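What follows is a single structure, written as structure tokens, with notes after it.
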Amino acid sequence: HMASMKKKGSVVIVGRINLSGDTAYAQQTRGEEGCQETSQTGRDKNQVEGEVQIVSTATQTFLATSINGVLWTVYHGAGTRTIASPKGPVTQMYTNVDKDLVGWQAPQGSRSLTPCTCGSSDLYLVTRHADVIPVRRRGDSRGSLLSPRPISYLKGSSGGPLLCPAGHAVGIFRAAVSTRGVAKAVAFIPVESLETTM
Ligand SMILES: COc1ccc2nc(C)c(O[C@@H]3C[C@H]4C(=O)N[C@]5(C(=O)NS(=O)(=O)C6(C)CC6)C[C@H]5/C=C\CCCCC[C@H](NC(=O)O[C@H](C)C(F)(F)F)C(=O)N4C3)nc2c1
Ligand SMILES: [Zn+2]
């Protein structure tokens with residue numbers, strides 16, 4: 001009935017991947033109860049820092065990455081959802097199901113990565129566990145893991161960045177290619193396809 005129709009909650013920032021030092025590590029900034037409440041209200045007054053956020057809905061958790069001033073993630077995680085902010089829910093500024101891509105204005109206090117113009121194929125995937133995984137670029141939207149590992153280790157890291165040697169953003173991780181459960185390659189949205197979208 002129309003009176004009872006519910007609304008999906010917002011995506012919520014629940015942590016970050018700290019890349020500021022010589023050691024990468026995940027930090028949690030909100031626990032599951034606060035996450036649920038913030039998703040319903042859409043009001044998040046927690047201070048945001050850093051480039052790679054850990055984000056959650058009521059049912060899924062993944063990453064989101066700031067590049068020029070946009071917080072980017074995957075459509076298969078966020079759908080068309082708002083993100084929680086200090087002033088309430090914020091509507092997506094980019095949505096592209098064909099790329100598995102969404103974006104919101106980057107939160108106040110975030111730091112943005114710079115889009116790579118190096119043309120390098122020696123990349124680094126950052127996961128939600130703060131693993132920094134070498135990936136050889138193999139095409140516009142694909143790269144191979146130098147050390148394959150079970151897909152379990154990549155689950156929950158969609159929306160994370162592929163970085164070049166200089167720390168610029170080359171892409172947003174979106175899918176893993178596996179054989180017998182071992183991830184041998186990854187697919188990503190290339191930064192140019194974001195720069196086009198922008
Ligand atoms: C609804 O509208 C949509 C529009 C476009 C769209 N486009 C893509 C490509 C898509 O793909 C889905 C979701 C991702 C995924 O699981 N994302 C990671 C992740 O971590 N998600 S997540 O954070 O856990 C989560 C679910 C919370 C958000 C990064 C994966 C980690 C481990 C793999 C686990 C087994 C899965 C292996 C899959 N392989 C694969 O499809 O490969 C083929 C050959 C491709 F062509 F894509 F390469 C895979 O990776 N998929 C399967 N769904 C959609 C949906
Ligand atoms: Zn670069």
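Position 1 is the first residue of the sequence; numbering continues from there. Hydrogens, waters and symmetry mates are skipped; everything else that's a heavy atom, side chains included, is used. Start at 1 and go down the list; that is how both ligands and their atoms are numbered.
- Note that atom 6 (C) of ligand 1 has protein non-hydrogen atoms nearby, at separations under 4.0 angstrom.
- Checked against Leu163 for a side chain to side chain contact (heavy atoms under 4.5 Å, CB included), the options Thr65, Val135, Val126, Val132 give a single hit: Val126.
- Partners of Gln92 by side-chain hydrogen bond (donor to acceptor under 3.5 Å, both in side chains), not counting sequence neighbours, listed by chain and number: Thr95.
- Looking at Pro161 and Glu51, their side chains never come closer than 4.5 Å, going by heavy atoms from C-beta outward.
- Under the 4.0 Å distance rule, the nearest protein heavy atom to atom 37 (C) of ligand 1 falls inside the cut-off.
- Closest heavy-atom approach to atom 42 (O) of ligand 1 within the set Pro150, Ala176, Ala187, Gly79: this belongs to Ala176.
- Every heavy atom of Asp98 sits 4.0 Å or more from the atoms of ligand 1.
- At under 3.5 Å, not a single nitrogen or oxygen of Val177, backbone or side chain, sits near a nitrogen or oxygen of ligand 1.
- Residue-to-ligand polar distances place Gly156 within reach of ligand 1: an N/O pair is separated by less than 3.5 Å.
- Within the 4.0 Å cut-off (strictly below), a protein heavy atom is located near atom 18 (C) of ligand 1.
- In terms of the side-chain hydrogen bond (donor to acceptor under 3.5 Å, both in side chains) criterion, residue partners of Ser20 (sequence neighbours excluded) are, by chain and number, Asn18.
- In this structure, the protein non-hydrogen atom closest to atom 23 (O) of ligand 1 is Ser158 OG, 2.8 Å.
- Here is the list of ligand 1 atoms found below 4.0 Å of a heavy atom in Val97: 4 (C), 5 (C).
- By the side-chain hydrogen bond (donor to acceptor under 3.5 Å, both in side chains) test, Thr127 is found to be paired with no residue, residues two or more places apart in sequence or in another chain being considered.
- Shortest non-hydrogen contact noted between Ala176 and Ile151 is CB-CG2, 4.3 Å.
- Nearest-residue assignment for atom 26 (C) of ligand 1 (options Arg128, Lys99, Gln60; heavy-atom criterion): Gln60.
- For atom 46 (F) of ligand 1, the nearest protein heavy atom lies 4.0 Å away or farther.
- Here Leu63 has no heavy atoms under 4.0 Å from ligand 1, in either its backbone or its side chain.
- For atom 8 (C) of ligand 1, the nearest protein heavy atom (residue, atom name, distance) is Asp100 OD2, 3.6 Å.
- Judged purely by atom type and a 3.5 angstrom limit, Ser39 has no side-chain atom pairing as donor or acceptor with the backbone of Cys35.
- With rounding to the nearest 0.5 angstrom, the CG atom of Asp44 is 8.5 Å from the CD1 atom of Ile83.
- A distance of 11.0 Å separates CD in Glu192 from OG in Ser141, rounded to the nearest 0.5 Å.
- Ligand 1 places these atoms under 4.0 Å from at least one heavy atom of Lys155: 20 (O), 24 (O), 31 (C), 32 (C).
- Here OG1 of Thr82 is found 11.5 Å from NZ of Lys8. Values are rounded to the nearest 0.5 Å.
- Note: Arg174 CZ to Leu162 CG = 11.5 Å, rounded to the nearest 0.5 Å.
- Which parts of ligand 1 touch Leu154 is read off a 4.0 Å heavy-atom cut-off, strictly below it: atoms 20 (O), 31 (C).
- Here the protein heavy atom with the shortest distance to atom 29 (C) of ligand 1 is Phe173 CZ, 3.5 Å.
- Excluding waters, the set of protein N, O or S atoms lying under 2.8 Å from the Zn ion (ligand 2) comprises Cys116 SG, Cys118 SG, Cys164 SG, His168 ND1.
- Test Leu63, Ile67, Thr73 against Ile172 for side chain to side chain contact (heavy atoms under 4.5 Å, CB included) and you get one pass: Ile67.
- Distance from atom 2 (O) of ligand 1 to its nearest protein heavy atom, with residue and atom name: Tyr75 CD2, 3.4 Å.
- No donor-acceptor pair closer than 3.5 Å links the side chain of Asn68 to the backbone N or O of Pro115.
- For the pair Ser66 (side chain) and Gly69 (backbone), a donor-acceptor distance under 3.5 Å is absent.
- Heavy atoms of other residues, nucleotides or ligands lying less than 6.0 angstrom from OH of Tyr153 number 12 at most.
- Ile17 CD1 to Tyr25 OH: the interatomic distance, rounded to the nearest 0.5 Å, is 10.5 Å.
- Residue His76 has at least one N or O atom closer than 3.5 Å to an N or O atom of ligand 1.
- Remark: minimum distance from atom 34 (C) of ligand 1 to any protein heavy atom is reached at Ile151 CD1, 4.0 Å.
- Rounding to the nearest 0.5 angstrom, the gap separating the CZ atom in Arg81 from the OH atom in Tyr75 is 11.0 Å.
- No donor-acceptor distance shorter than 3.5 angstrom exists from the side chain of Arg16 to the backbone of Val52, with no hydrogens or angles considered.
- Each of the following atoms of ligand 1 lies closer than 4.0 Å to a heavy atom of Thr61: 23 (O), 27 (C).
- For atom 11 (O) of ligand 1, the nearest protein heavy atom lies 4.0 Å away or farther.
- At a heavy-atom distance under 4.0 Å, only backbone atoms of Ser157 (N, CA, C or O) approach ligand 1.
- Atom 41 (O) of ligand 1 has its closest protein heavy atom at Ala175 CB, 4.3 Å.
- Annotation for ligand 1: atoms under 4.0 Å from non-hydrogen atoms of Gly77 are 28 (C).
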